[PDB]
Amino acid sequence: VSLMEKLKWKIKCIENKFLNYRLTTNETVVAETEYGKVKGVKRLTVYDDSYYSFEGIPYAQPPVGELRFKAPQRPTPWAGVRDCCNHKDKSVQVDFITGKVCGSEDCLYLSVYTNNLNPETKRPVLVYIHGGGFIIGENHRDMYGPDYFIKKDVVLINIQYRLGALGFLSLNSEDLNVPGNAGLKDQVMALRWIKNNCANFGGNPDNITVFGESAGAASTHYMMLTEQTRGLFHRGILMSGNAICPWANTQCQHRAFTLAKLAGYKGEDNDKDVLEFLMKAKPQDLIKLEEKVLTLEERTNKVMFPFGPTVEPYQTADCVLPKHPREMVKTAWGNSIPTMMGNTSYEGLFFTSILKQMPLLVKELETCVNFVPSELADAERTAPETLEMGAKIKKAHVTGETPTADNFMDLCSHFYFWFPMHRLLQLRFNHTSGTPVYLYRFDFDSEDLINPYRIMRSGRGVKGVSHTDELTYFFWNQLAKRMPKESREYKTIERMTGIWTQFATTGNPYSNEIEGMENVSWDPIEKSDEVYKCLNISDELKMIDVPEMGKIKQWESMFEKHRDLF
């Protein structure tokens, strides 16, 4: 990231520290939890609202020393009153602005926010699981401020979980108890805490909604798939992701040795010895080298991250993913809860900075072989059948005689988001009780209000609604500002937090109290639908057939002779 954006970020971090101070009040309060009492504090917003803030609530033991790479354990309870008036650190990660490693292994915390701690009626509880590819992110209020949602009468909870290799190392040797998915296990433990504690903050333990964006969406979906979380919540919202996205799951058992060797390991590729080295290394050295683990062949085949959610090679006590996500959809308790799913109208605009650095990537579209789903393609991607499947994609996205950056970015929208969404919907319809799924398409474009991921994707000055652009209308961040109440941005804040709150409340995202919704008739997707209907959210709200449907069916046609793998 540029020196320019680093300095502007530094000035915003100073500005955020003073504004956070200024918006703090003297009104501390104490709530009960099953682990002891916690002290929160009331905070203010730039819209002149206020909320109670409890940050740094532990949901598991700090996963340090011998607990590194292992399933979380319950935290140790305390006497007295634990201070939750300040945030804890984020999980160890490469800071996307500075390029330096930050965070701490002591990161297994959640934060709880509500405008009223003794409501007269129990409130819907919304749980947000942040994205960032399973390698970045946090629940800090400089990125995920509850300021907008606390205008509504809900309880909002923002969790952390282990990222990168510290969260997703996986080793075959059953002796070593590192099966994988430690970070998803973290999220399971956080959900258990929320179920058994939200009542203490005015929440209804029988009305809990989990939601997340990008890796957060894939995480929410894993939470709906695994038997570990059965009945822990009642609605789910998948924003720009799910667990069968090609970036959401990887078999990374081999990659631990490689990480070890980048970090100075001397010895053989054996799991016992590799783990012993990885357990002793400095956490910031491992995370810094993570970016070099993937081979050229892996990157070619579009493996995006070296460590992430994986199929666990053996089943232990806390096993989360015992089989491939496709298989897990077959018996998933969460197929039977009300669900909402959606994407933005130009998701692949997110790859703008990846294309800037590597213009040769656009030439992949001359055959598109690299974008054929890896389960259908041959290892070298030279099989004539791979070239034929690639041709199908190529026809979906290449508009001229030569491919463009735009065709590339549009192709990415489908490969990474819409096609997996299609696959999931059709799989799920073969195994559901008939609970509704509702689709939205986020199509509201502004540059008057932004979030930090626009800096990451070099998105300044770029027209269209990229992956992550909706987060600006859900959460406060340190680049935000108070918007006039009649502004298109402020209305979109109200609509998005209103629709999410309505859904969280009733399992149906429609209300006539949301301005812009007066003509909306928003039906769920049925198994017999050939074309998907969505709520298109722009300056207007309008029910439309998904514009992406034609390109989606063209992707589906790659499976004409491999229907069992669809």
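Looking at the stretch 1-135, what % of its DSSP beta bridges pair antiparallel, to the nearest 5?
85
By how many nm would the segment from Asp49 to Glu66 grow when fully extended, if each residue of separation counts as 0.36 nm and the alpha-carbon distance is taken off?
Between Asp49 and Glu66, full extension yields an extra 1.7 nm.
Got a sec? Charge dipole of the chain, +1 on Cβ for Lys and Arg, -1 for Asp and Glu; which of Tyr148, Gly241, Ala215 is way out at the positive end?
Looking along the dipole axis, the top candidate is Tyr148.
Once the piece of chain linking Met358 and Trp78 is laid out straight, how much longer is it, given 0.36 nm per residue of separation minus the C-alpha distance between them?
95.5 nm
Quote the charge dipole size of the stretch 317-413 about the Cα centre in Debye, to the nearest 20; the model charges only the Cβ of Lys and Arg (+1) and of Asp and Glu (-1).
200
What does the C-alpha gyration tensor say about the overall shape of the stretch 1-96? Classify as rounded when a/c is under 1.5, otherwise prolate if a/b is larger than b/c, or oblate.
Note, shape of the stretch 1-96 comes out oblate.
Would you compute, from DSSP H runs of 4+ residues alone, the mean residue ellipticity of the chain at 222 nm, taking -39500 (n - 2.57) per run and dividing by the full residue count, rounded to the nearest 500?
-8000 deg cm²/dmol, from helical runs alone.
Determine the shape class of the stretch 268-346: with a ≥ b ≥ c the square roots of the Cα gyration tensor eigenvalues, call it rounded for a/c under 1.5, and otherwise prolate if a/b is greater than b/c, oblate otherwise.
oblate
Sequence gap at least 6, Cα distance under 8 Å: using those rules, report the relative contact order of the chain to the nearest whole percent.
Rounded, it is 13 percent for the chain.
Which part of the stretch 60-97 falls in the paramagnetic zone of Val30, meaning amide N under 13 Å from the point 7 Å along Cα-to-beta-carbon?
79-84
How much length, in nm to one decimal, is gained on full extension between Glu15 and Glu530, taken as 0.36 nm per residue of separation minus their Cα-Cα distance?
Extending this stretch completely gives an extra 180.3 nm.
Which ³J(HN,Hα) values in Hz, rounded to whole numbers, follow from the phi angles of the stretch 440-457 under the Karplus curve 6.51 cos²θ - 1.76 cosθ + 1.60, where θ = phi - 60° and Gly and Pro get x?
Once θ is set to phi - 60°, the couplings for the stretch 440-457 become 10, 9, 8, 9, 9, 10, 8, 10, 7, 9, 9, 10, x, 5, 5, 4, 4, 7 Hz.
Can you find, among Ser104, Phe444, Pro313, the residue farthest towards the positive end of the dipole of the chain? Put +1 on the C-beta of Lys and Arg, -1 on that of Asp and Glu.
Of the options given, the answer is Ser104.
Out of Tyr59, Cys85, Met341, whose Cα points farthest toward the positive end of the dipole of the chain (charges: +1 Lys, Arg; -1 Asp, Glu; placed on Cβ)?
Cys85
Under the Karplus relation 6.51 cos²θ - 1.76 cosθ + 1.60, θ = phi - 60°, what is the ordered set of whole-Hz ³J(HN,Hα) values for the stretch 101-112, x standing for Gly and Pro?
Residue by residue, the stretch 101-112 yields 6, 9, x, 8, 5, 7, 9, 8, 9, 9, 10, 10 Hz.
Taking a ≥ b ≥ c as the square roots of the Cα gyration tensor eigenvalues, with a/c under 1.5 meaning rounded and otherwise prolate when a/b beats b/c, else oblate, which class fits the chain?
Because its axes are fairly even, with a/c under 1.5, the chain counts as rounded.
Dipole size in debye (nearest 20) for the chain around its Cα centre, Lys and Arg Cβ +1, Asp and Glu Cβ -1?
1100
Rounded to the nearest Å, what's the spacing between the alpha carbon centres of the stretch 300-345 and the stretch 52-72? Just the number, please.
One Cα centre to the other: 23 Å.
Taking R0 as 25 Å, what FRET efficiency do you get between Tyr314 and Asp273 from their Cβ-Cβ distance, rounded to the nearest 0.05?
Here the calculated transfer efficiency is 0.80.
What share of the DSSP beta bridges in the chain is antiparallel, in percent to the nearest 5?
Taking every DSSP beta bridge within the chain, about 45 percent pair in antiparallel fashion.
Heads up, the Cβs are rebuilt from the backbone with ideal geometry, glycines too, and the neighbour counts pull from every protein chain shown. Since every read-out is calculated from the coordinates, none of them should be taken as a lab result.
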